[PDB]
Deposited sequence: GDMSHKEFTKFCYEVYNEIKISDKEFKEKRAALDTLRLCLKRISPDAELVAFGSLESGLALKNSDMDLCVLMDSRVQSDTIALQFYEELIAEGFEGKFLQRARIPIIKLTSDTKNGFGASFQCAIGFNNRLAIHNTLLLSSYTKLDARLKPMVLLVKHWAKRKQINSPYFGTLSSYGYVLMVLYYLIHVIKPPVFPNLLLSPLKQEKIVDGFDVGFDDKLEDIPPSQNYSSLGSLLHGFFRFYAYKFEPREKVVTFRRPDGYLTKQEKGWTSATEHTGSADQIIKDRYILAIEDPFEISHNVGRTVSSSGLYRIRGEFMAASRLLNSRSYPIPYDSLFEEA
């Protein structure tokens, strides 16, 4: 596949600039070690588990950590963290308690050290396991994801709290495209594999075909650049967000908002692969979607240009 040779070259150049460095990765691992030691001061029966992009390998540089305490202990842990020189925020008695660390004054992790600690979020640990497996299955997934996250941040469409979509939402859009849209598929659907076994956690089935050594290499040989152009075009022109649901629970990837009962927030519908009652795109407003769609079209138009050379830089320019 030489169709997108120059764009692919550019993609890997940007990828190497935005990916988390080994230095920063080690630092975050070290911060996790320190925080785990602190938790074990509170309880021998509590464990501290990393999840999210750091754990899956899908992290951009200067990333925040997402951690999870598995067993409240929340208050005791928080007060102990403060005593040990961390700065942070916590609201006691919240239905979803969260400790947000914002600074470290003693343990050398930095003035701008940022870490979110939740409690018993087992589903997030499992969806991280799923994303980790996919990143191990194909070497094109990691740079594709970083580049989509970078683009989403640069174009201001990566703000759930302000009407657009979470980074996790974008990763699911990427996986859906690579499993159920592109032909030949880049990836099989591990949840729907005949070898998958049910595994019930917090009332949902988190099972998937996880024996990766038995999964053959992809029969899709497209370049990274070809994959990304295809991804942008699908969501710009082909996907029908008014009627359709991004889903990992159908063999053909076909699911309507009607069948799902997600009609009256469901402006963009992305069904979490495990917690199927959760719409990952619940944060997306009518204005947010129009802006999201507008950016997908702009990305597609850029890459479909018949001129030479194409100014690929504009893909990651702000606004």
| property | result |
| --- | --- |
| Deposited residues without C-alpha coordinates, grouped into stretches that follow sequence order | 1, 73-79, 273-286 |
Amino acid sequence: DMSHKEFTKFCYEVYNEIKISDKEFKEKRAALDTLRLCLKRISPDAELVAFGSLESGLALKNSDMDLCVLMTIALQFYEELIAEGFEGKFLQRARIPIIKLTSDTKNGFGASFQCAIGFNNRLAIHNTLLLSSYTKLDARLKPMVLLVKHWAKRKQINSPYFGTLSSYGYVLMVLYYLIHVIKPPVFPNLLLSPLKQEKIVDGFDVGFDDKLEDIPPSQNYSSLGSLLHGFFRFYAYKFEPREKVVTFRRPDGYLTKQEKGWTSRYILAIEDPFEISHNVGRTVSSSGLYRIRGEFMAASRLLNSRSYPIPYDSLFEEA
From here on, numbers count along this sequence of modelled residues.
property	result
Mean temperature factor over C-alpha atoms, higher-scoring stretch between 124-132 and 240-248	240-248
294-302 or 21-29, whichever carries the higher mean Cα B-factor	21-29
Member of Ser167, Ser223, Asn220, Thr105 with the greatest C-alpha B factor (per the PDB record)	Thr105
Residue of maximum C-alpha B factor among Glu47, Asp272, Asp64, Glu55, per deposited coordinates	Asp64
Assigned third (lowest, middle, highest) for the C-alpha B factor of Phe187	middle
For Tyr15, the third of its chain into which the C-alpha B factor falls	lowest
Third assignment of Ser314 from its chain's C-alpha B-factors	middle
Within-chain third of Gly281 by Cα B-factor, per the entry	lowest
Lowest, middle or highest third - CA B-factor, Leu39	lowest
